[PDB]
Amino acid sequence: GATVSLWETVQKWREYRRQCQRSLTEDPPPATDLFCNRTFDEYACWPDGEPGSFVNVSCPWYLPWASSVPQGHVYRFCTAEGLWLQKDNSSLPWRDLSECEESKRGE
């Protein structure tokens, strides 16, 4: 009634994965040699990146609080070496999730 519910959230995530893995395999290759490759990291759908730039995508629409973050973006940085950035002492690549997080009481 008030909650989106675990079932509806996970079900909405499955559809976001379904649309993502569709695009990932049917979207035409970039044909520009060097670029960061498209991916689905469990949280978001990333496209092919342009080297030496920041790549952004909307907050994933399956989020419970998606309505509360509609101008939000999640970010990656595609290096000149055609590789998604990965910082000192890490395995999961650099990502700014900030604009997409929840935030507590007020209005």
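One rule holds for the numbers: they count along the sequence shown, beginning at 1. What we label the rigid core is the largest C-alpha set whose atoms superpose within 1.5 Å from one form to the other.
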query: Comparing 21-29 and 90-98 where Cα RMS over structures and residues is taken in 8 other deposited structures of this protein (core fit), larger one; finding: 90-98
query: Positional deviation of Cα atoms in 8 other deposited structures of this protein after core superposition, greater for 33-41 or 72-80; finding: 33-41
query: Higher-B stretch (mean Cα B-factor, as the entry records it), 40-48 or 23-31; finding: 23-31
query: 85-93 versus 8-16 - greater average Cα B-factor per the deposited record; finding: 85-93
